[PDB]
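Below is one structure, written out as structure tokens; the observations come after it.
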Number of protein chains: 2
Amino acid sequence: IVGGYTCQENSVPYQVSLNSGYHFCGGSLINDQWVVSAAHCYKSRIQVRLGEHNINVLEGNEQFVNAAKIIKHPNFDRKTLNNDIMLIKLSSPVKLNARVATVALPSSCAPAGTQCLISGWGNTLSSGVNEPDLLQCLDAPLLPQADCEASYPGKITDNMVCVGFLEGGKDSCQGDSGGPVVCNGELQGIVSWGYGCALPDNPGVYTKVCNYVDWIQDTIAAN
Amino acid sequence: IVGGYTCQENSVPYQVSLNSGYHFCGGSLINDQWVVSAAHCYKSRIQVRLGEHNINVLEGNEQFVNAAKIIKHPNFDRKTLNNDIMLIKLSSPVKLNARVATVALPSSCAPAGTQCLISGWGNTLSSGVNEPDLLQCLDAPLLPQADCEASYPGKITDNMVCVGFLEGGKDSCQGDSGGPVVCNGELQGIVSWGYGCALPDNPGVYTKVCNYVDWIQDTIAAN
């Protein structure tokens, strides 16, 4: 997160860190056994870390669980990052409590103009890299699809949404990938891609989660 | 390397990749058993990969050897990155040949105005991150110490040198760390730090290797 602020400890209780020996992506806990992340965060072994605030210091609220099934959307296209969504079933349910809780799936697609919260331990600089220890938060609005399509001529599908500021300075960045944008209590987007980080006229683009609620539900049920 | 070009295959034969399960820094082979890298690339287990061109495809010229002793400069200061130099003794000597060869230590400190070659598999973008598969090369001059000190008021020691372009656009970046800047056949610098990557007025700064030749020699001899 570039241009954000440190989240109050465990105030984003559905945020998880996906770790392979190091944090490489974030995700959202949607029930006590399933996590939604970006299909481009796929790795064959993933340890999911919940209850995290400082990703590097054991603070005493963490639960670390291994992914048992990691399911990428069957139409995920690696080249356009269309359908960049993945589901991870944990190998055992987690203990839901104050610092570890669920986020709701969307009842409808949020309108342009909605303020959302994006969070993650991803890159905090618009040039070079600096990985933060503490979870970062960003308040940012959902942008009109016309503004999204204008920034990325020919690359935005109906499954992608832009969130951010066209003047730049504040955005998600590599490492935030797979994590949440929550607007009015529901998961509306997943951090997916953008050109650079926090650049003028290059807003971040997010998987539009209200397009996948049937798939997320079919898949949890069949699994 | 931002703004560079793909090196001809195995034309930088002293370049090595330091790997912990992934490439995280570069270095230079200075004899058949010792590698010089940046002290900030220190990890307790390192696999050194030599003969590399595509860091991701076995091409048939690689030699992969484990580090046996990893020695950081005793005055390395983690906060200012002063004395950012480290020596790695390989657990067995490598087979020196066309694609795996030594680079010479400096006979004197190169003058400002010298053209050098910097290489590495580090970040290729000035905003966001993109790691390349193929080794990248950059031709860049050594800058006057006054220009270096002017860009970074209060942070340049006598052990640091700037290389690059004050207009920005071309620079080394995270991941190139620890690798070589060679000028007229001798290792003159080690990729160390800079603000951002390829930004106007923020040239990269490098450990000045001609200040450490006695230490490098003492240390190889005592070990």
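Note that chain A is numbered according to Swiss-Prot, with residues 24-246 shown in order.
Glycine is treated like the rest: Cβ placed from N, Cα and C.
For A:24-244, the entry in Swiss-Prot reads domain 'Peptidase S1', with the evidence type sequence analysis.
Following the DSSP three-state reduction, the secondary structure of A:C160 (disulfide bond) is strand. Note: A:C160 (disulfide bond) has non-local neighbours A:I24, A:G27, A:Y28, A:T29, A:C30, A:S34, A:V35, A:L140, A:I141, A:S142, i.e. same-chain residues 6+ apart with C-beta under 8 A of its own C-beta. According to Swiss-Prot, the disulfide bond annotation covers A:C30-A:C160 (among others).
Annotated disulfide bond per Swiss-Prot: A:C48-A:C64 (among others), in sequence order. Within 10 Å of the C-beta of A:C64 (disulfide bond) there are 23 other C-beta atoms, taking all protein chains into account. DSSP assigns A:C64 (disulfide bond) to a helix.
The annotation active site, charge relay system is assigned in Swiss-Prot to A:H63 (among others).
Annotation comment: Swiss-Prot describes A:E75, A:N77, A:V80, A:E85 as Ca(2+) binding site. DSSP gives A:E85 (Ca(2+) binding site) a coil state; it is part of no helix or strand. Around A:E85 (Ca(2+) binding site), taking its Cβ as the centre, 17 other Cβ atoms fall within 10 Å, counting all chains.
Mapped onto three states, the DSSP output places A:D107 (active site, charge relay system) in coil. For A:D107 (active site, charge relay system), the Cβ neighbour count at a 10 Å cut-off comes to 27, with all displayed protein chains included. If you look up Swiss-Prot, you'll see A:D107 (among others) marked as active site, charge relay system.
There are 14 other Cβ atoms within 10 Å of the Cβ belonging to A:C132 (disulfide bond). The disulfide bond annotation in Swiss-Prot covers A:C132-A:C233 (among others).
Under the heading disulfide bond, Swiss-Prot lists A:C139-A:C206 (among others). Around the Cβ of A:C206 (disulfide bond), the number of neighbouring Cβ atoms within 10 Å comes to 20. Secondary structure from DSSP puts A:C206 (disulfide bond) in a beta strand.
Counted within 10 Å of its Cβ, the other Cβ atoms near A:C171 (disulfide bond) come to 21, all protein chains included. Under the heading disulfide bond, Swiss-Prot lists A:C171-A:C185 (among others).
The Cβ of A:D194 (site 'Required for specificity') has 30 neighbouring Cβ atoms from other residues within 10 Å, across all protein chains displayed. DSSP gives A:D194 (site 'Required for specificity') a strand state. Residues or ranges marked as site 'Required for specificity' in Swiss-Prot: A:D194.
Shown in sequence order, A:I24, A:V25, A:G145, A:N146, A:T147, A:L148, A:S149, A:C220, A:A221 are the residues of the chain, 6+ apart in sequence, with a C-beta less than 8 angstroms from the C-beta of A:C196 (disulfide bond). What Swiss-Prot lists as disulfide bond is A:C196-A:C220 (among others).
What Swiss-Prot records for A:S200 (among others) is active site, charge relay system. Under DSSP, A:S200 (active site, charge relay system) is assigned to coil, being neither helix nor strand in the three-state scheme.
Spatially, by CA atoms, the recorded positions A:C64, A:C139, A:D194, A:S200 include one closest to A:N77 (Ca(2+) binding site), and that is A:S200.
Between the CA atoms of A:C132 (disulfide bond) and A:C171 (disulfide bond) there is a gap of 16 Å, rounded to the nearest whole number.
Note: A:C220, taken in sequence order from the recorded positions A:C48, A:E75, A:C220, have a C-beta within a distance under 8 Å of a chain B C-beta.
A:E85 (Ca(2+) binding site) sits 27 Å from A:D107 (active site, charge relay system), taking the C-alpha atoms as the reference points. Spacing of A:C171 (disulfide bond) relative to A:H63 (active site, charge relay system) is 21 Å (Cα to Cα, whole number).
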